[PDB]
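J.: what's the 3D shape of this:
(chains A, B, C, D, E, F, G, H, I, J, K, L, M and N)
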Amino acid sequence: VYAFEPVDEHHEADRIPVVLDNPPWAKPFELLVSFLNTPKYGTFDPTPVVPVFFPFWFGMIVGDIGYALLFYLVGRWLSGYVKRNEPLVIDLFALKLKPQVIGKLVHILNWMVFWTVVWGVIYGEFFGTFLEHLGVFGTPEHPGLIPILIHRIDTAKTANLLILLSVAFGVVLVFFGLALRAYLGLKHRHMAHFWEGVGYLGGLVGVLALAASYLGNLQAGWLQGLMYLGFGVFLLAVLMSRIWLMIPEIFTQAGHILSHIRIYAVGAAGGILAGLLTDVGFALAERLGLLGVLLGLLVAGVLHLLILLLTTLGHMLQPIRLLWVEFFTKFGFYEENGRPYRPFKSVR
Amino acid sequence: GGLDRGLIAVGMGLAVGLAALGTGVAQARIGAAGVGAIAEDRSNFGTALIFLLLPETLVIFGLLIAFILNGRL
Amino acid sequence: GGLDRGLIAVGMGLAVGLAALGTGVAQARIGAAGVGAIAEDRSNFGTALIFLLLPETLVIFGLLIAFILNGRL
Amino acid sequence: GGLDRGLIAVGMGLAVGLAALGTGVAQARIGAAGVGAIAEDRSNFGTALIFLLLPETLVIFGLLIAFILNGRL
Amino acid sequence: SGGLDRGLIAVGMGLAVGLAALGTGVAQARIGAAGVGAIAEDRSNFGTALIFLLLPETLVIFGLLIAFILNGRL
Amino acid sequence: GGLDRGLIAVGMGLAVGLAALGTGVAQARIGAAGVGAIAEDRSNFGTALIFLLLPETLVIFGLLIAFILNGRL
Amino acid sequence: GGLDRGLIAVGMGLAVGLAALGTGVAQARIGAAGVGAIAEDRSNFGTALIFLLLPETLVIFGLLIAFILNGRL
Amino acid sequence: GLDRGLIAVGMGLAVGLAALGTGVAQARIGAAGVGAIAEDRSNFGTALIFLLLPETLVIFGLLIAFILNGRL
Amino acid sequence: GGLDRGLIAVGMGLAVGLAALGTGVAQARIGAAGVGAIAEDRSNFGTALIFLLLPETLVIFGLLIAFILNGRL
Amino acid sequence: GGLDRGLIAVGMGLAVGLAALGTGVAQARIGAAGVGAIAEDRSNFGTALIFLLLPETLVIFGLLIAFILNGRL
Amino acid sequence: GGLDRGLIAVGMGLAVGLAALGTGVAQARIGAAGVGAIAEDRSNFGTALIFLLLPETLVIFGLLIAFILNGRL
Amino acid sequence: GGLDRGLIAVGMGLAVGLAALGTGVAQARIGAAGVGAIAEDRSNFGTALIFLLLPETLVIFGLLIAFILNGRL
Amino acid sequence: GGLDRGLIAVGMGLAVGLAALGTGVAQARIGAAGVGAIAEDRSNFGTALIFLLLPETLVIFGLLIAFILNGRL
Amino acid sequence: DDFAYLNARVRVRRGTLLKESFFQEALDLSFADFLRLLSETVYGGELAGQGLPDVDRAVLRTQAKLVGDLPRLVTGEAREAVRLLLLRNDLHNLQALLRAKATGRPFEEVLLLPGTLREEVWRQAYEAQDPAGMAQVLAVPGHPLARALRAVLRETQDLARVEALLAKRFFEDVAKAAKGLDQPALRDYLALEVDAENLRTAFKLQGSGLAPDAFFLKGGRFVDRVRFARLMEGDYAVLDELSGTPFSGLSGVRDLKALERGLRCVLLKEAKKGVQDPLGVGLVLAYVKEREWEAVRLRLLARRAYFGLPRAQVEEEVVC
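T.: Numbering: from 1, shown residues only, chains lettered A, B, ... in the order given. Please see the structure below:
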């Protein structure tokens, strides 16, 4: 009697196992999704937003097309190693990796490098500043080729728009996480977390409205009732909850929303570093002699590879860390850690 | 810029630097305890990373004051 | 303005910076003891978060003083 | 006066910042011992929170001094 | 009617009050640490622990008196 | 007259230096705990590198504010 | 008057603040050891109070120096 | 010729405090690395990588100093 | 005959404050060890009092330098 | 127009002094752990000397910045 | 006139205060270990007092520099 | 007219003060370890006194710098 | 001469003082560990003296920078 | 020096520990199931074959491999503080070595269980002209045993009363070093240990009726000298007078076995509070005491499985 009985309901699912069940286009991010614990078997699977945003934020992080070409070369090396079907062995790292994880890493690197080359075309930056020699970006100071949407060197026309883009992306992610938490609370019929998410969304909206009214621009008439309704919704949800999730919690959520500008900060820092290194190398090569360009370009490539090996790990980690700190924690994702799907092995 | 712009930039720089100093001073002990908890067990890493990232509102307020000083200048 | 506005900005910046420094100095030992209690038991997260967020009133007062300085500016 | 108000704001901000620094320096060890006592038992949380809030009088006096400076601004 | 000395006197009074509060908090750190350790040990010497904690307030009182003298002679 | 760009660069340099000081103060305890974890076992090197790289955002924001001041310079 | 009175008051305030800082720095370890002895034995309060009040001579000398500065002012 | 020295003073304070933070990290870094080397010789490269990880602050300080020198 | 009395007063104030800071820095560990020895033995109070009173030479030299400054004032 | 070479020299001196302070802060724990390891065994004294000499790049970069300032001077 | 004389007094006061601070910071742990050795045995107070009085030469040299400043002004 | 003498005196004073501060910071731990060795036995008193007096070379270099500043004065 | 000579002298003095501070901070724990090793065994006294004298490279570089500043003065 | 670099390895060692259900499953075995469970344990790497002395030597080697490294790799005040954790085994080794030196038996006759010093120093200290010379041969820089031998050595050359005063001065020097250290937890832990040892000595001197002022020590916080005299006399009300202290369940117990069991339970409860300070050194001492309690319980389970003790016979040994 193969009794295929149904699973439990939204309550009382504790010893029930957990599985990914994601699309095959998003199957490669499973290791990064399962680096943390498991959901509550009725919690929102956030693995799709990882491939939706971590590539989009990571392309905004690193906008060097020469680094994208070096990543393509390293991915071709890893692809040849995986095609050789040998285990990835690193003795000083003590890292033994199967071919499936290496292939998922290669697929994630390709999906990252596509949008990375797209944003590097948007930033107009190839291996630092190769446009100092041949002006592939078109600037009004020196028109060499077609115009760049972002010159990525000066910030007088770029910093406000970049901060606005980062703030809009972070606010959209925070609103999506609060909406997912409220929807999961409505699904689980636990009105405490639902009222908490609704009040957090209303308080964040009122805080952003009052900030843009007072510390922002003029015309404080349209958003005045908006800020009043946001503060009133915050107080009404505080009365409906009485859980003392105070203004400290609202300020922590507001800081988690406002922390998205670190992506633009790290992108501008890496761009300034690569542009300064490439400009110093091109100056000391061409303008100083125009014949030590071989040795000068070799030292410049060595310094660029050293700076890449020094900073690219943190530059790639900061977006995934911000995603794990925002999209998980705004939607909870820290309750009971789930139960793992451990079937019969037949290890073979 | 005169005397107002340079002194405003000096105050914004002192604010941002000492805010980063205080944030790193909290984050030193926070990350030490979190790394000890992670080496103890790979099961409380989420709350450890949450408490680690909790020392960031000072840097956020410092960036806000820096933007306010850059706009007021 | 002139010499007054930049000096008021420098005072507000020094206020916010030293306030964030003191808040991080409290939050270092606060988060250390909280992560130690969390590694002890996962059921004491509420009092740990309360003790962690209790020290932010000084940063709130420093931000209020900086906002009063900007309103004077 | 274009020199008096900025210097008075600088003094009030330095007062508030150093007062918050001292309050955080107290509250670090205060909250450390209080979180240790709360992890020991929940029956001693009241006196622990009282000893935690005992450092607030210096910050209150610094805020009163800053308000007196703003009244003299 | 001080123009520059009035700002300097307020700056000195603020520095006095701030460093006095810093010293009082530096004392009260170890004071309250030992007092909370004794209170978690036993709920018997809470009054003596409170007395040892409040003994450090004389420095803050003297700093407030210096600031009040500065505000009076302003 | 000519006392604007030097004061702005001085404030940006103070920002960058104090942010680097706070980042190193965090990184001292972070790398100490990570090196102790790696010496304990060679199994959590990436998790230790995550804790080592978690604190670079303060120096990143300091360099961003320094580049903003240089754009203002 | 001019400007010497404000600088004299600033120096007297620096004296009083740093003298209170040194007095509190002594009184921290003094009160810690005294509270340890008081929890050890109730027959040591009269000597712990003497060891605590022995450090007040620096604060008294700083108050005397500030009074001499104000009398010069 | 008045703010020309102030930018140099700020760049010097920047490079000095950046080296101060780098040495403050490198203190605990080299302490843990020497303790690991005294434990076993098999932990040399990871300790060297952890010690070299602190050089990013020095790199950023030297970059800011070069930016100030180009401004100089 | 400009900013001379205020500058000399600021220097004497910094002298007295840092001298009291050093006297308290010595007296912290001095009184801690003395209270530990007094709790160890009541017969060791005299050597502890001598070790406590030995640190007053810095305060004596600072008071002498401040009296020399007041005579110069 | 004067008042610039002395400011650049003061900045180079502040750079050299704070770089020496950071290098000494590193070399304190470096030489302490190296002396402890040499007391443990004289075999690993060369790796201890290499780890001690690894912090000299900060003083090297400080001397390079001072030489660049002397070339500017 | 009244601009050169007060700055020399300010520098002499800073020298004397920092010298007393260094002397007290030296004498703190020295007197702590000496009181520990005195509590260990009542026979080693002589070398303890010698090690205590060994830190006085720094304060003597600072007083000599301050006397040179007083001979200048 | 000019404050060159006061400026050179302030520079030599900061030099001597920070040099004595560093000498005392070395001498604190040096004399603590030497007092522990002396309380262990009187067998290595000469080498301990040599290691104690070894920190005076930095004070001698600072005194040479201060004498060179006085000769420039 | 003028004030730039005194400014360069103040910069060289601050350089020498902060370099001596860093050198003493390096020498503190190094000489403590060396005195502990000498109390362990007198055979490694030469290696202890080498580890003690290794930290003086910062002092040599600071003396060179001060001599360069004196030669530029 | 670094109180966290050793604490990382301490947390990694505390992650590798046996659960209470591993001891609960050991209540029903036949020493072959216990040998198989020991083969799966972390201590089983030193397990050579089968037998009770082989299992005892494997447990001793596992304790030396898991706890002995923490005495090494430390520096300065942290090394001096961590030296006062594994001090009882070296003290017992030195006490029985002095007893053998006063006895005249062979240097290979002693067992010399593992402590914190070099065994070649203990071999060279078997033959010495003076006890001060033996102390100078066994002299470490920060070990309190050498300073205690130098202090108590000015009574005679080698006496049994000299050994008793050496043990009393060793406990007093442990208390003095605890007073002279900057650690708010280990000082109270050592003070409670000294007070429990004084109560155990008052129980072990019951019926002697001699002068307890020579028998009592100094350093405790929960006991009094009048309370020590009342414990030396047959007054269990003074044992009932210990109200509010860690001797909560210890009241009215006349059995010395139950008294030592309650003392070990109170000590394990006090050391279980050592997880409060995750940045100091008290967590490492708590892990060391937990491994020691687990090793004593493993030796008790091995003796029970060897000689067939009932689960009721060991039910008073698994209460904590």
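J.: Would you mind writing the CA trace of stretch N:202-221 as CSV?
T.: Listed next in CSV are the C-alpha coordinates belonging to stretch N:202-221 (Å, rounded to 0.1, in the frame of the first residue of the first chain):
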residue,chain,number,x,y,z
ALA,N,202,36.7,20.3,56.9
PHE,N,203,34.7,17.1,56.0
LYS,N,204,38.0,15.1,55.6
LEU,N,205,39.2,16.4,59.0
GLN,N,206,35.9,15.6,60.8
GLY,N,207,36.6,13.3,63.8
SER,N,208,40.3,14.5,64.2
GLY,N,209,39.3,17.3,66.6
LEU,N,210,42.6,19.1,66.2
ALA,N,211,43.3,22.8,65.6
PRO,N,212,41.4,23.8,62.4
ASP,N,213,43.1,27.2,62.2
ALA,N,214,46.2,25.4,60.9
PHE,N,215,44.0,23.3,58.6
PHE,N,216,42.0,26.1,57.2
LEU,N,217,43.2,28.3,54.3
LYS,N,218,42.4,31.8,53.1
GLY,N,219,40.8,33.0,49.9
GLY,N,220,37.2,31.9,50.2
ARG,N,221,34.1,34.0,50.0
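J.: Please list the outside residues in contact with it.
T.: Stretch N:202-221 has contacts (CB atoms under 8 Å, 6 or more residues apart in numbering or on different chains) with G:39-40, N:168, N:171-172, N:174-175, N:178, N:188, N:190-192, N:194-195, N:197-198, N:201, N:225, N:228-229, N:231-232, N:234, N:256, N:259-260. For every residue, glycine as well, the C-beta is placed using N, CA and C.
J.: Am I right that residue A:41 is in a helix?
T.: No - going by DSSP: H, G, I helix; E, B strand; the rest coil, the assignment for residue A:41 is coil, not a helix.
J.: Next, the contact list for it, please.
T.: Contacts of residue A:41 (CB under 8 Å, 6+ apart): A:13, A:16, A:17, A:18, A:338, A:339.
J.: Point out the residues in chain N that sit beside chain C.
T.: Within chain N, the positions near chain C by CB under 8 Å from any CB of the partner chain are N:275, N:276, N:277, N:278, N:279.
J.: And the helices in the stretch 201-320 of chain N, which stretches?
T.: For the stretch 201-320 of chain N, applying DSSP state H, counting those that start in this stretch gives helices covering N:212-215, N:225-232, N:236-240, N:256-272, N:282-307.
J.: Let me have the ones you listed in a markdown table, extended by mean neighbour count.
T.: Below are those laid out as a markdown table (neighbours: other CB atoms under 10 Å in any protein chain shown):
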| stretch | mean neighbour count |
| --- | --- |
| helix N:212-215 | 14 |
| helix N:225-232 | 18 |
| helix N:236-240 | 15 |
| helix N:256-272 | 17 |
| helix N:282-307 | 19 |
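J.: will you turn these into TSV that also has distance to residue N:65?
T.: What follows is the helices of the stretch 201-320 of chain N, written out as TSV (distance: least, CB to CB, whole Å):
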stretch	distance to residue N:65
helix N:212-215	38
helix N:225-232	40
helix N:236-240	40
helix N:256-272	21
helix N:282-307	11
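J.: out of those helices, nearest to residue N:39?
T.: Across these, residue N:39 has its closest neighbour in helix N:282-307 (13.3 Å, CB to CB).
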